[PDB]
Every structure is written in structure tokens, then in C-alpha cells.
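Read through the structure below, which is laid out as C-alpha cells, and then see the notes.
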Amino acid sequence: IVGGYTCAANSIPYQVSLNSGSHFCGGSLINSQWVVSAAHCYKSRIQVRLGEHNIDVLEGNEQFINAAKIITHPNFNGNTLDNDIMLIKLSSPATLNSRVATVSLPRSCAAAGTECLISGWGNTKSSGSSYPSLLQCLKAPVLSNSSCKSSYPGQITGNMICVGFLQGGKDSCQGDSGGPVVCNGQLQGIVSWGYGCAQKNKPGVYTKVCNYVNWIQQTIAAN
Amino acid sequence: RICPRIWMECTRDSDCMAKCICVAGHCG
Ligand SMILES: [Ca+2]
């Protein structure tokens with residue numbers, strides 16, 4: 001997260017870190033056994049870390065649970081990143097408590113202008129690299145479908161939304177993939193891609209979660 | 001260039017996804 005702030009303790013109880021030796025993507029806890037993340041974060045072995053704030057220090061609130069099922073969207077396209085969403089079923093249910101809680105799936109798509117909260121342990125620099133120990137947060141609005149498509153001609157499908165600032169300076173970045181965009185308390189986006197990070201007229205592009213609520217429910221119901 | 005926001009180390013550009021390039025040992 002470039003241009004954000006260190007999240008408070010107790011904030012973002014639904015955030016998870018996907019770890020395969022090192023943190024490489026985030027995700028969101030949507031019920032005690034299932035995590036949603038980006039399909040390009042797929043790896044055959046994933047440990048999910050819940051209740052994390054400082055990813056470099058064991059603070060004593062963490063739950064580390066291995067992924068049992070790892071299901072990418074049937075129509076995920078690795079080249080275009082269309083349908084970039086994956087479900088992970090934990091090998092054991094998470095203990096929901098103070099520090100670990102779930103986020104709701106959207107009841108409707110978010111309108112342009114809705115303010116959202118984006119979070120992650122990704123790069124905090126647009127030029128260079130600085131990877132934070134503490135979870136970073138960013139408040140940013142959903143951009144109109146027209147501003148998003150004009151920022152990235154011929155690359156935005158109906159399954160993608162732009163969230164951010166056309167002016168740049170504040171954006172998600174490498175290491176934030178798969179993480180949450182929560183607007184009005186509902187999960188509306190998944191960190192997916194962009195050109196660089198925090199560049200002028202290149203806002204982050206996120207998977208539009210309100211298109212997949214029935215696929216998520218059916219997949220959870222079947223597994 | 002379309003570059004997924006996954007953290008990934010690399011030694012060559014070919015190690016990275018989509019249009020990401022290897023910028024000093026990491027894809028971006
Ligand atoms: Ca920790």
C-alpha cells in the first residue's frame with residue numbers, strides 16, 4: 001500500500017496473509033472455514049495466517065491454518081486477469097474472536113464515489129521497495145466505470161473495478177494482491193493489478209466481487 | 001504494463017507474470 005497509514009490494532013480482523021515460505025498475497029475471511037483471494041495468487045501449498053498485524057513478529061494472536069481446498073474461478077484468464085478470484089477452504093475452522101472476524105459479501109455492487117478501505121503488507125514505495133512489518137490501510141473511492149476504462153483502454157472487463165485516485169500517489173502495490181477492498185462493510189473488490197503503483201491516471205484494478213456472490217455461495221455449498 | 005500485484009522474486013524478466021518485469025530481484 002503506497003500512501004496509506006499503519007492500520008490500528010484491532011482493525012481489519014478479516015485480513016489474512018497467504019504464506020508459502022514468505023508472505024506473497026493477502027485474502028479475506030468470509031466465514032470460519034473459507035478465504036477469498038485472487039486466482040493469480042494460486043500456489044499448490046499455502047499456509048493461511050490469521051490474526052496478523054506485525055507479520056515479522058509472533059504477537060500471540062495468530063492462527064496459522066493450512067489450505068485444504070484451493071479453487072480458482074473456472075474462467076480465470078492468466079493473461080488478461082479476467083475472473084481473478086479464488087476460494088480457499090481451511091483445513092480446520094478459524095476461531096472467530098476479537099482479533100479474527102469475517103467480512104460480508106456484497107448485497108449490491110458499489111456505486112462510483114463510495115469510499116472503501118484497502119489493506120495489505122505490500123510495497124509502500126512507487127519507486128523503490130519498502131515492505132512493512134505492520135499492516136497498511138488506505139481509504140479510496142470506487143471510480144466510475146468510464147474513468148476506469150479510459151485509464152486502461154481495452155483492458156477493463158465487466159468483472160473489474162478501479163478504486164483509487166487518478167492523481168496517483170495512493171494505491172495498492174506488489175504484495176497486496178488478493179487482499180480486501182471493503183466498502184460500507186461489504187467486500188467489493190480483491191486487489192488484482194495495475195500499471196506500476198500509484199502512478200497518475202493508472203489507478204488499481206480490482207476484481208468486482210459483486211459479480212461472483214452466487215459462484216462463491218454455490219462453491220461453498222458444494223465443498 | 002499489466003502487472004499483477006503479487007510479491008515475487010525473480011532473476012530474469014521471464015520469471016514474472018504477465019507484463020511485469022524483474023526490477024531488482026522482484027517483479028513489478
Ligand atoms: Ca505476527
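Here's how to read the names in the C-alpha cells: chain A, B, ... by the order shown, residue numbers from 1 in each chain, ligand numbers from 1 in the order shown.
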Distance-based interface of chain A with chain B, 10 Å, counting only C-alpha atoms, as an MDAnalysis selection string
chainID A and resid 22:26 38 40:41 78:81 121:123 128:129 152 155 172:179 191:197 204:205
Run DSSP on the backbone of this structure and report the residues of range 52-192 of chain A it assigns to strand (DSSP E), as an NGL selection string.
:A and (63-72 or 86-90 or 115-120 or 136-141 or 160-163 or 180-183 or 186-192)
For residue 166 in chain A, the closest of A:190, A:181, A:148, A:48 counting only C-alpha atoms is A:148
Close residues, residue 208 in chain A itself excluded, 7 Å, only C-alpha atoms, min 6 positions apart in chain, as a PDB file with N, CA, C and O atoms, in the first residue's frame:
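The resulting around_25.pdb:
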ATOM      1  N   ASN A 159     -15.886  -7.538 -15.106  1.00  0.00           N
ATOM      2  CA  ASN A 159     -15.544  -8.139 -13.821  1.00  0.00           C
ATOM      3  C   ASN A 159     -14.459  -7.376 -13.064  1.00  0.00           C
ATOM      4  O   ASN A 159     -13.843  -7.911 -12.132  1.00  0.00           O
ATOM      5  N   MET A 160     -14.238  -6.123 -13.426  1.00  0.00           N
ATOM      6  CA  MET A 160     -13.164  -5.336 -12.821  1.00  0.00           C
ATOM      7  C   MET A 160     -13.672  -3.948 -12.461  1.00  0.00           C
ATOM      8  O   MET A 160     -14.534  -3.406 -13.168  1.00  0.00           O
ATOM      9  N   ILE A 161     -13.191  -3.428 -11.335  1.00  0.00           N
ATOM     10  CA  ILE A 161     -13.450  -2.032 -10.941  1.00  0.00           C
ATOM     11  C   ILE A 161     -12.123  -1.330 -10.623  1.00  0.00           C
ATOM     12  O   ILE A 161     -11.129  -1.982 -10.285  1.00  0.00           O
ATOM     13  N   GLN A 188     -16.157  -5.535  -1.632  1.00  0.00           N
ATOM     14  CA  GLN A 188     -16.478  -5.196  -3.010  1.00  0.00           C
ATOM     15  C   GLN A 188     -15.349  -5.483  -3.994  1.00  0.00           C
ATOM     16  O   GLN A 188     -15.640  -5.617  -5.195  1.00  0.00           O
ATOM     17  N   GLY A 189     -14.106  -5.608  -3.549  1.00  0.00           N
ATOM     18  CA  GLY A 189     -13.031  -5.783  -4.506  1.00  0.00           C
ATOM     19  C   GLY A 189     -11.924  -6.633  -3.921  1.00  0.00           C
ATOM     20  O   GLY A 189     -11.834  -6.772  -2.693  1.00  0.00           O
TER      21      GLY A 189
END
Which one of A:57, A:213, A:1, A:12 sits closest to ligand 1 if you count only C-alpha atoms and all ligand atoms?
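Closest residue, counting only C-alpha atoms and all ligand atoms: A:57.
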Minimum-distance residue to residue 28 in chain A, chosen among A:102, A:114, A:6, A:147 (using only C-alpha atoms)
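Smallest distance to residue 28 in chain A is found for A:102.
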Which distance in Å separates CA of residue 118 in chain A and CA of residue 198 in chain A, to one decimal?
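According to the coordinates, CA of residue 118 in chain A and CA of residue 198 in chain A are separated by 13.6 Å.
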With ligand 1 as the partner and 6 Å as the cut-off, tabulate the residues of chain A that qualify, each row holding the nearest pair of atoms and their distance in Å to one decimal, using only C-alpha atoms and all ligand atoms, sorted by chain and rising number, as JSON lines.
{"residue": "A:52", "atom": "CA", "partner": "ligand 1", "partner_atom_place_in_ligand_line": "1 (Ca)", "distance": 4.7}
{"residue": "A:53", "atom": "CA", "partner": "ligand 1", "partner_atom_place_in_ligand_line": "1 (Ca)", "distance": 5.5}
{"residue": "A:54", "atom": "CA", "partner": "ligand 1", "partner_atom_place_in_ligand_line": "1 (Ca)", "distance": 4.4}
{"residue": "A:55", "atom": "CA", "partner": "ligand 1", "partner_atom_place_in_ligand_line": "1 (Ca)", "distance": 4.3}
{"residue": "A:56", "atom": "CA", "partner": "ligand 1", "partner_atom_place_in_ligand_line": "1 (Ca)", "distance": 5.8}
{"residue": "A:57", "atom": "CA", "partner": "ligand 1", "partner_atom_place_in_ligand_line": "1 (Ca)", "distance": 4.5}
{"residue": "A:58", "atom": "CA", "partner": "ligand 1", "partner_atom_place_in_ligand_line": "1 (Ca)", "distance": 4.1}
{"residue": "A:59", "atom": "CA", "partner": "ligand 1", "partner_atom_place_in_ligand_line": "1 (Ca)", "distance": 4.9}
Using only N, CA, C and O atoms, please write the residues we just selected to a file, as a PDB file, in the first residue's frame.
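Written out: again.pdb:
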ATOM      1  N   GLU A  52      -3.021 -11.569  12.185  1.00  0.00           N
ATOM      2  CA  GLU A  52      -1.712 -10.945  11.970  1.00  0.00           C
ATOM      3  C   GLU A  52      -1.793  -9.435  11.996  1.00  0.00           C
ATOM      4  O   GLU A  52      -2.765  -8.856  11.481  1.00  0.00           O
ATOM      5  N   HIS A  53      -0.787  -8.775  12.553  1.00  0.00           N
ATOM      6  CA  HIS A  53      -0.721  -7.322  12.455  1.00  0.00           C
ATOM      7  C   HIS A  53       0.707  -7.029  12.032  1.00  0.00           C
ATOM      8  O   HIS A  53       0.921  -6.374  11.008  1.00  0.00           O
ATOM      9  N   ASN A  54       1.635  -7.489  12.858  1.00  0.00           N
ATOM     10  CA  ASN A  54       3.032  -7.374  12.527  1.00  0.00           C
ATOM     11  C   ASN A  54       3.401  -8.722  11.931  1.00  0.00           C
ATOM     12  O   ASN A  54       3.593  -9.679  12.673  1.00  0.00           O
ATOM     13  N   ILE A  55       3.593  -8.824  10.616  1.00  0.00           N
ATOM     14  CA  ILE A  55       3.908 -10.133  10.024  1.00  0.00           C
ATOM     15  C   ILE A  55       5.287 -10.677  10.373  1.00  0.00           C
ATOM     16  O   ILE A  55       5.541 -11.838  10.065  1.00  0.00           O
ATOM     17  N   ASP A  56       6.177  -9.875  10.960  1.00  0.00           N
ATOM     18  CA  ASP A  56       7.532 -10.333  11.251  1.00  0.00           C
ATOM     19  C   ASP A  56       7.726 -10.789  12.689  1.00  0.00           C
ATOM     20  O   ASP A  56       8.766 -11.373  13.016  1.00  0.00           O
ATOM     21  N   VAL A  57       6.745 -10.551  13.553  1.00  0.00           N
ATOM     22  CA  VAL A  57       6.864 -10.833  14.986  1.00  0.00           C
ATOM     23  C   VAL A  57       5.687 -11.715  15.388  1.00  0.00           C
ATOM     24  O   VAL A  57       4.583 -11.380  14.979  1.00  0.00           O
ATOM     25  N   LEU A  58       5.883 -12.784  16.161  1.00  0.00           N
ATOM     26  CA  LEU A  58       4.752 -13.542  16.708  1.00  0.00           C
ATOM     27  C   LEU A  58       4.229 -12.803  17.920  1.00  0.00           C
ATOM     28  O   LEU A  58       4.916 -12.756  18.940  1.00  0.00           O
ATOM     29  N   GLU A  59       3.073 -12.197  17.793  1.00  0.00           N
ATOM     30  CA  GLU A  59       2.430 -11.365  18.797  1.00  0.00           C
ATOM     31  C   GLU A  59       1.531 -12.177  19.723  1.00  0.00           C
ATOM     32  O   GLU A  59       1.111 -11.655  20.755  1.00  0.00           O
TER      33      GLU A  59
END
CA of residue 61 in chain A and CA of residue 100 in chain A are how many Å apart?
8.6 Å
List every residue of range 1-218 of chain A that DSSP, applied to the backbone of this structure, assigns to alpha helix (DSSP H), and report them as a PyMOL selection string.
chain A and resi 145-151+213-218
For residue 146 in chain A, find every residue with an atom within 12 Å (counting only C-alpha atoms), except residues of its own chain fewer than 3 positions away, and show them as a list in words.
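Within the cut-off, the hits are residues 112, 142, 143, 149, 150, 151, 152, 153, 154, 156, 157, 158, 160, 161 and 162 of chain A.
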CA of residue 45 in chain A to CA of residue 89 in chain A, distance in Å rounded to a single decimal:
12.5 Å
